[PDB]
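Chemist: The data below comprise the sequence and an experimental structure of the protein.
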Amino acid sequence: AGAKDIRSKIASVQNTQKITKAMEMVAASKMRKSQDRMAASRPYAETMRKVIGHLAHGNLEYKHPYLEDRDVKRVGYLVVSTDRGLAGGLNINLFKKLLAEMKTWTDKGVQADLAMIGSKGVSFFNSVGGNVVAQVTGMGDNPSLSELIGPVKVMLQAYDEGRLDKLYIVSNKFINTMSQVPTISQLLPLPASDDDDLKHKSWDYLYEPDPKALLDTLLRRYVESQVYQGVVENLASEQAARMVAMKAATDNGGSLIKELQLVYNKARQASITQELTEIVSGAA
Amino acid sequence: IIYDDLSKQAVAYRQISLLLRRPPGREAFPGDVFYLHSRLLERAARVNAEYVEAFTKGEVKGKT
Amino acid sequence: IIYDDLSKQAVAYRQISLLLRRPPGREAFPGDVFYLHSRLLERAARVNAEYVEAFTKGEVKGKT
Amino acid sequence: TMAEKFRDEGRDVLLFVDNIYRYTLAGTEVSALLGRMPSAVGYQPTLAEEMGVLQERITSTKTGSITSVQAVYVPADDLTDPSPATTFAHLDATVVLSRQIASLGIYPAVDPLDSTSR
């Protein structure tokens, strides 16, 4: 206490307020860049899904494993997490939703396996003891498809090796700048698209060499593309959440300056009074 | 009874007291600024029937 | 030697000084409260063997 | 006392005081000169009476009225300091001018959100 210590504390809270304002502006720019890199991703997945629709439910159809269900004996999850803190509740809402559904599945007696994108989830699911089978970390704000090939290769290999019976991606969805929501969505076996086989009879492909070999790589590339899209959306969601969290923190700092200043004024007055009384009452 | 500002009474008493050179205390109020309000508000009371009888020379019975 | 709360010796000395009407300094402490503790604590010392031999008139030699 | 003369003539008067804080400070200086004991933050002991004996002479009356517009200055930006605290007990309205509203080129530069009247 004493006016000087409080003036120092007020200086440091004003400094904190400067820092969090800066981080708000930085996140507000990186969010626009992230949601641009998000839009540049759609064409590839959209046209590849049209091709998969043709080869799957067009005038002919194939018995490829990834397209039809089986007995769920265990599940795989691909978990996207942020590499950096100060995002607010983003990671923990997601992990709680994941834990709830993993509990559901383990009640039915089916195990689950986790592949991690991002280091926050890695540390969390190590501390909670989940089964983490593969991971990639430290992508930051330069996500690249070439680094996702590892973990999704692990999970696909384990799928067609029969050791997984369903596969999910758990990630945030950048719905709007003010709202993001954790979603767990299935990507194997392949969801039934809003498509009709009637349109297919118009024409068919010259498959080189043959459709059974092409469809495999199409589905693998498609799953990779969707894991990548989930990662980029999670990144844009992270930027938006950091922006709003730093807004909240800057207002919380500003509303605390005005308490510390009441304390400071009270101490200033008290010291003036005590000193001047100790002078005048010592005289004579 | 409603004392409209007992802050302004304390200020007026602090003035009367500093003009008589009495050593002030915390916030420059005199030493006995507690006793000032204490002997005042301690008069707001409820008195029993025997006190009313004794005070009023027996005119009033059984009222508090 | 362990002096338990010199900060209470200073207060007893303040009382004595203010009752003898000596001029108060800061926090009403007398001016010479530094010279009070100073000449107390400067008795803690380590004294060389020659001082001991002088003091004990040669009865104790070679010990500090 | 000149405004009071205009009031006695039945008129409505308007009295500007260019800084009431300096009236308080002149009171403190004179009080120190006379040798009276210092009060709450160094202010004279008679602070609230010295203010009230001024602020109480300017009121409406069955024959006239004096309104007043008083420039105020708050030491250390502290609205708790005894001088602001004593003056604010007497003010009715309060208009705050703003550098910003003037930078927008809008005049008068009164701030509607901080300006207040009871």
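Modeler: Received it, and whenever you're ready, just let me know what you need. Numbers count the residues shown, from 1 in each chain, chains lettered A, B, ... in the order given.
Chemist: what's the closest non-adjacent residue to residue A:218?
Modeler: Closest residue to residue A:218 in three dimensions, ignoring its sequence neighbours and counting by CB to CB, 6 or more residues apart in numbering or on different chains: residue A:52, at 5.5 Å. Quick note: C-beta positions are derived from backbone N, CA and C, even for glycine.
Chemist: Packing partners of the helix or strand harbouring that neighbour?
Modeler: Element membership for residue A:52 (DSSP states H and E) is helix A:42-57. On a contact count with 3 or more CB pairs under 8 Å, 6 or more residues apart in numbering or on different chains; DSSP states H and E, helix A:42-57 meets helix A:211-280.
Chemist: Just want the angle from the helix it packs on to helix A:42-57.
Modeler: Using axes from the mean of the first three to the mean of the last three CA atoms, to 10 degrees, the direction of helix A:211-280 lies 140 degrees away from that of helix A:42-57.
Chemist: related to what we said a few turns ago, give me the contact list for the helix or strand following the helix holding residue A:52.
Modeler: Downstream of helix A:42-57, the next assigned helix or strand under DSSP H and E is strand A:74-80. Outside strand A:74-80, the residues within contact range by CB atoms under 8 Å, 6 or more residues apart in numbering or on different chains are A:94, A:98, A:102, A:105, A:110-118, A:121, A:125, A:151-152, A:155, A:158-159, A:163-172, A:184, A:227, A:230-231, A:234.
Chemist: residues near the residue nearest to residue D:99 when sequence neighbours are not counted, how many?
Modeler: Distance criterion CB to CB, 6+ apart; nearest residue to residue D:99, sequence neighbours excluded, is residue D:109 at 7.5 Å. A count of nearby residues for residue D:109, using other CB atoms under 10 Å in any protein chain shown, gives 16.
Chemist: Residue D:109 reaches residue D:102, doesn't it?
Modeler: Yes - the pair residue D:109 / residue D:102 is scored as a contact, 4.0 Å apart, by CB atoms under 8 Å.
Chemist: Quick check: neighbours shared by the two?
Modeler: With CB under 8 Å, 6+ apart, residue D:109 and residue D:102 have no common neighbours.
Chemist: Which single residue of the stretch 51-200 of chain A ends up nearest chain B?
Modeler: Nearest to chain B, among the residues of the stretch 51-200 of chain A, is residue A:86, at 43.7 Å (CB to the nearest CB).
Chemist: Equivalent analysis for the stretch 101-250 of chain A, please.
Modeler: Closest point on the stretch 101-250 of chain A to chain B, by CB to the nearest CB, is residue A:250, at 35.7 Å.
Chemist: Apart from its neighbours in sequence, what residue is nearest that residue?
Modeler: residue A:20 (4.6 Å).
Chemist: ok, now how distant is the one you found from chain C?
Modeler: 41 Å (CB to the nearest CB, to the nearest Å).
Chemist: give me the number of residues near that residue?
Modeler: So residue A:20, with other CB under 10 Å, has 20 neighbours.
Chemist: how much space between it and chain B?
Modeler: 37 Å.
Chemist: For the helix or strand that residue falls within, name the packing helices and strands.
Modeler: Using DSSP H and E, residue A:20 sits in helix A:3-39. For helix A:3-39, the packing partners by 3+ CB pairs under 8 Å, 6+ apart come out as helix A:211-280.
Chemist: The helix it packs on: how far from the chain's middle?
Modeler: 16 Å (CA atoms, centre = their mean, to the nearest Å).
Chemist: what sits against the closest residue to residue A:9 other than its chain neighbours?
Modeler: Of all residues beyond its chain neighbours, the one nearest residue A:9 is residue A:260 (6.1 Å), with distances taken as CB to CB, 6+ apart. By CB under 8 Å, 6+ apart, the residues touching residue A:260 are A:6, A:9, A:10, A:13.
Chemist: Produce a PyMOL select command limited to the buried residues of the residues you listed.
Modeler: Selection of the buried residues among the contacts of residue A:260 in PyMOL, burial being defined by 16 or more other CB atoms under 10 Å in any protein chain shown:
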select buried, chain A and resi 6+10+13
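Chemist: Take the contacts of residue A:260 and write them to CSV, including distance to residue A:76.
Modeler: Below are those laid out as CSV (distance: CB to CB, whole Å):
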residue, distance to residue A:76
A:6, 56
A:9, 51
A:10, 53
A:13, 47
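Chemist: Of all pairs in the contacts of residue A:260, which one is the farthest apart?
Modeler: A:6 and A:13 (10.4 Å; CB to CB).
Chemist: Provide a list of residues in contact with the nearest residue to residue A:64 once chain neighbours are set aside.
Modeler: Spatially, and ignoring its direct neighbours in sequence, residue A:64 is nearest to residue A:215 (5.8 Å; CB to CB, 6+ apart). Residue A:215 makes contact with A:52, A:55, A:56, A:62, A:64, according to CB under 8 Å, 6+ apart.
Chemist: out of these, which one sits closest to chain D?
Modeler: Nearest to chain D among those, with distances taken as CB to the nearest CB, is residue A:52, at 58.4 Å.
Chemist: what's the burial count for that closest one?
Modeler: Neighbours of residue A:52 (other CB under 10 Å): 20.
Chemist: if I look at it, how far off is residue A:46?
Modeler: 11 Å (CB to CB, to the nearest Å).
Chemist: Skipping adjacent residues, who's closest to the closest residue to chain D within chain B in space?
Modeler: Chain D sits closest to residue B:18 of chain B, with a gap of 3.9 Å, by CB to the nearest CB. Nearest residue to residue B:18, sequence neighbours excluded (CB to CB, 6+ apart): residue D:45, at 3.9 Å.
Chemist: Surely that neighbour is in contact with residue D:32?
Modeler: No - judged on CB under 8 Å, residue D:45 makes no contact with residue D:32 at a distance of 11.1 Å.
Chemist: Quickly list what's touching both of the two.
Modeler: Both residue D:45 and residue D:32 are in contact with residue D:38, where contact means CB under 8 Å, 6+ apart.
Chemist: Looking at the two now, which is surrounded by more residues?
Modeler: residue D:45 (22 against 12).
Chemist: Return the residues in contact with that one.
Modeler: Per CB under 8 Å, 6+ apart, neighbours of residue D:45: B:14, B:15, B:18, B:19, D:31, D:36, D:37, D:38, D:39.
Chemist: looking at this, it is in a helix?
Modeler: No - assigned with DSSP: H, G, I helix; E, B strand; the rest coil, residue D:45 falls outside any helix and is coil.
Chemist: Ramachandran angles for it?
Modeler: Backbone torsions of residue D:45, given as degrees, to the nearest 10, read phi -70, psi -30.
Chemist: Quickly note the distance from it to residue B:54.
Modeler: 44 Å.
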